[PDB]
Amino acid sequence: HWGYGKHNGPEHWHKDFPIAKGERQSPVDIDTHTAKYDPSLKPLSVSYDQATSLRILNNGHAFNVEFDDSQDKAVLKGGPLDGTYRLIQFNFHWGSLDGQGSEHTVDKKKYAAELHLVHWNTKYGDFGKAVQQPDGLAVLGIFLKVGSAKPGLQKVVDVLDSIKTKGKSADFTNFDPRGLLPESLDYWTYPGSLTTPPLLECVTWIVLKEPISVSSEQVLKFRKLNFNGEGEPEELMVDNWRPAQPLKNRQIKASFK
Ligand SMILES: [Zn+2]
Numbered sequence: 004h005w006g007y008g009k010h011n012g013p014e015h016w017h018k019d020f021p022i023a024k025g026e027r028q029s030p031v032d033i034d035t036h037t038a039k040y041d042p043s044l045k046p047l048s049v050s051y052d053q054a055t056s057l058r059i060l061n062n063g064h065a066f067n068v069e070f071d072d073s074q075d076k077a078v079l080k081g082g083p084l085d086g087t088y089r090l091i092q093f094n095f096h097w098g099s100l101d102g103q104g105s106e107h108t109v110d111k112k113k114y115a116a117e118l119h120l121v122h123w124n125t127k128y129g130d131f132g133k134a135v136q137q138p139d140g141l142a143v144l145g146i147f148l149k150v151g152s153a154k155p156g157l158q159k160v161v162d163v164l165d166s167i168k169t170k171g172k173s174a175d176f177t178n179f180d181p182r183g184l185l186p187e188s189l190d191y192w193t194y195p196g197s198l199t200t201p202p203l204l205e206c207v208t209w210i211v212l213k214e215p216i217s218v219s220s221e222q223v224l225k226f227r228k229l230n231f232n233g234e235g236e237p238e239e240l241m242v243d244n245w246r247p248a249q250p251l252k253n254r255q256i257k258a259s260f261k
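For the sequence shown, the positions run 4 to 125, 127 to 261 when the authors' numbering is used.
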């Protein structure tokens with residue numbers, strides 16, 4: 004099975020998933036001086052006031068907070084998107100040290116972690133069908149830097165103990181994702197893919213310019229999770245990020261100048 008270790012890491016993925024060497028793979032390095040300001044990009048419209056979180060789960064490669072996506076409760080629209088996209092989950096990627104952890108990079112700078120808010124295009129009916137389309141998913145990427153604590157993130161941090169190993173899940177209702185957003189919604193956008201197998205090229209990436217800060221104690225909790233299942237030898241869940249891939253003739257557009 005794939006993972007992030009020496010023998011099953013990102014550099015090995017292409018053997019089981021040849022699309023790993025595709026034309027629109029993610030993540031990528033965002034060269035701020037090469038990105039084109041596009042005055043036709045509309046502002047992002049995030050409506051998370053009716054969001055219904057349900058469960059938090061350690062899937063062996065990261066932890067996900069799942070949302071009820073049976074209706075238009077929490078949606079994303081506007082920006083470079085056409086149509087309505089429903090929030091299905093959010094997850095993180097982090098490092099073993101504060102100087103690495105993010106998937107995307109800005110002018111080669113790596114952040115301590117990267118939060119992904121995953122949404123699927125409703127015109128396709130369900131998530132499974134959406135992942136098979138060029139414009140099936142829209143993922144909002146938010147960088148995390150170490151500094152002051154993020155209050156809205158604490159509820160997530162506190163429950164990590166109960167989902168330490170692979171396969172564990174816990175009820176996680178009434179969590180408000182709005183507490184994880186930065187002040188500004190300025191962003192960069194480019195066509196890309198999922199950053200973990202099956203690595204499908206079905207994502208419109210919307211990466212926020214402004215990072216949010218979390219405390220050292222907060223990220224330390226992420227690092228206590230395990231890749232392994234219960235009763236197995238302990239392997240700390242750290243550095244679950246894929247390195248930047250070649251841009252290959254894609255243009256990164258910016259909503260700001
Ligand atoms: Zn992710």
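All C-beta atoms in this analysis are idealised placements derived from N, C-alpha and C, irrespective of residue type, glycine included.
Legend entry - Distance, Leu57 Cα to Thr208 Cα: Here residue 208 corresponds to residue number 204 of the sequence shown, with the count starting at 1. Here residue 57 corresponds to residue number 54 of the sequence shown, with the count starting at 1. In a straight line, the C-alpha of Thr208 is about 25 angstroms away from that of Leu57.
Inset, instruction - Could you tell me if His17 is buried or exposed, where buried requires 16 or more neighbouring beta carbons within 10 angstroms of its beta carbon? - result: Against the sequence shown, residue 17 aligns to sequence position 14. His17 counts as exposed, since fewer than 16 other beta carbons sit within 10 angstroms of its beta carbon.
Inset, instruction - Use the C-beta contact count for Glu106: other C-beta atoms within 10 angstroms, 16 or more gives buried, fewer gives exposed. - result: As a working mapping, residue 106 is identified with position 103 in the sequence shown. Of the other Cβ atoms in all chains shown, 16 or more fall within 10 Å of the Cβ of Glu106; this residue is therefore buried.
Legend entry - N- and C-terminal bounds of the alpha helix (DSSP H) containing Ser220: Position 216 of the sequence shown holds residue 220. If you look at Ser220, you'll find it in the alpha helix (DSSP H) that goes 220-226.
Legend entry - Check: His15 C-beta below 8 angstroms from any heavy atom of ligand 2: No copy of ligand 2 occurs in the structure displayed; its ligands are ligand 1 alone.
Legend entry - CB contact flag (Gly151, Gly183, <9 angstroms): Position 147 of the sequence shown, counted from the first residue, corresponds to residue 151. Position 179 of the sequence shown, counted from the first residue, corresponds to residue 183. Between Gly151 and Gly183, the CB-CB gap reaches or exceeds 9 angstroms.
Inset, instruction - Measure the C-alpha to C-alpha separation of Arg254 and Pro237 and round it to an integer number of angstroms. - result: Taking the first residue of the sequence shown as 1, we reach residue 254 at position 250. Taking the first residue of the sequence shown as 1, we reach residue 237 at position 233. Distance from the CA of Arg254 to the CA of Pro237, rounded to the nearest whole angstrom, comes to 42 angstroms.
Legend entry - Any non-hydrogen atom of ligand 1 within 8 angstroms of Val143 CB: If you number the sequence shown from 1, residue 143 lands on position 139. Distances between the C-beta of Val143 and the heavy atoms of ligand 1 include at least one below 8 angstroms.
Inset, instruction - Tell me, to the nearest whole angstrom, how far the beta carbon of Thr169 is from that of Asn61; I am working on the premise that it is less than 8 angstroms. - result: As a position in the sequence shown, residue 169 is number 165, starting the count at 1. As a position in the sequence shown, residue 61 is number 58, starting the count at 1. Cβ atoms of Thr169 and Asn61 come within 8 angstroms of each other, at about 6 angstroms.
Inset, instruction - Please name the residue, chosen from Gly8, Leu141, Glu234, that lies closest to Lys80 on a Cα-to-Cα basis. - result: Position 77 of the sequence shown, counting from 1, holds the residue named residue 80. That would be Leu141, whose Cα lies nearest to the Cα of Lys80.
Legend entry - Minimum C-alpha distance to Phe95 - residue among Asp52, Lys111, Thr199, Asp180: Walking along the sequence shown from the start, residue 95 turns up at place 92. It is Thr199.
Inset, instruction - Consider the C-beta atom of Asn94 and the heavy atoms of ligand 1; say whether any pair is separated by less than 8 angstroms. - result: For the purposes of this step, residue 94 is taken as the residue at position 91 of the sequence shown. Yes; taking the cut-off as 8 angstroms, the Cβ of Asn94 has a heavy atom of ligand 1 nearer than that.
Legend entry - Per-residue burial, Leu224 [other beta carbons within 10 Å of its own, 16 or more giving buried]: Numbered from its first residue, the sequence shown carries residue 224 at position 220. With fewer than 16 other Cβ atoms from the protein chains shown falling within 10 Å of its own Cβ, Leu224 counts as exposed.
Inset, instruction - Measure the beta-carbon distance from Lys252 to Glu26 and round it to whole angstroms, keeping in mind my assumption that it falls under 8 angstroms. - result: As a first step, residue 252 must be located in the sequence shown, where it is residue number 248. As a first step, residue 26 must be located in the sequence shown, where it is residue number 23. Going by Cβ atoms, the distance from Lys252 to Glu26 rounds to 6 angstroms, so yes, they are a contact pair.
Inset, instruction - Report yes if the C-beta of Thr200 is less than 8 angstroms from at least one heavy atom of ligand 1; otherwise report no. - result: What you label residue 200 is simply residue 196 of the sequence shown in a count that begins at 1. Yes, the Cβ of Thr200 comes within 8 angstroms of a heavy atom of ligand 1.
Legend entry - Distance CB(residue 3)-CB(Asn124) smaller than 9 angstroms: The chain is shown only over 4 to 261; residue 3 falls outside these bounds and no answer can be derived.
Inset, instruction - Note down the Cα distance separating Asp34 from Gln28, rounded to an integer number of angstroms. - result: Within the sequence shown, residue 34 is the residue found at index 31, counting from 1. Within the sequence shown, residue 28 is the residue found at index 25, counting from 1. Across the structure, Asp34 and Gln28 are spaced so that their CA atoms are roughly 16 angstroms apart.
Inset, instruction - Determine the extent of the beta strand (DSSP E) in which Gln92 is found, giving its start and end residues. - result: By 1-based counting over the sequence shown, the position of residue 92 is 89. Element bounds for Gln92: 88-97.
Legend entry - Residue from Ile91, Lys112, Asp110, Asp165 with nearest C-alpha to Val135: Your numbering for residue 135 matches position 131 in the sequence shown. The shortest CA-to-CA distance from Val135 to any of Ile91, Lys112, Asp110, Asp165 is the one to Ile91.
Inset, instruction - With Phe131 as the anchor, note down where its alpha helix (DSSP H) starts and where it stops. - result: Translated into positions along the sequence shown, residue 131 becomes position 127. Under the DSSP assignment, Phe131 falls in the alpha helix (DSSP H) whose first and last residues are 131-134.
Inset, instruction - Tell me whether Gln53 is buried or exposed, calling it buried when 16 or more other Cβ atoms sit within 10 Å of its Cβ. - result: Residue numbering aside, residue 53 sits at position 50 when the sequence shown is read from its first letter. Sixteen is the threshold: since fewer than 16 other Cβ atoms of the shown chains lie within 10 Å of the Cβ of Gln53, the residue is exposed.
Legend entry - CA nearest to the CA of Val218, picked from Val163, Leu189, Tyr114, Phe66: As a first step, residue 218 is located in the sequence shown; it is residue number 214 there, counting from the start. Nearest option by C-alpha distance: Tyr114.
Legend entry - Which of helix, strand or coil DSSP assigns to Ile256: Taking the sequence shown and counting its residues from 1, the one referred to as residue 256 is at position 252. Correct three-state label for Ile256: coil.
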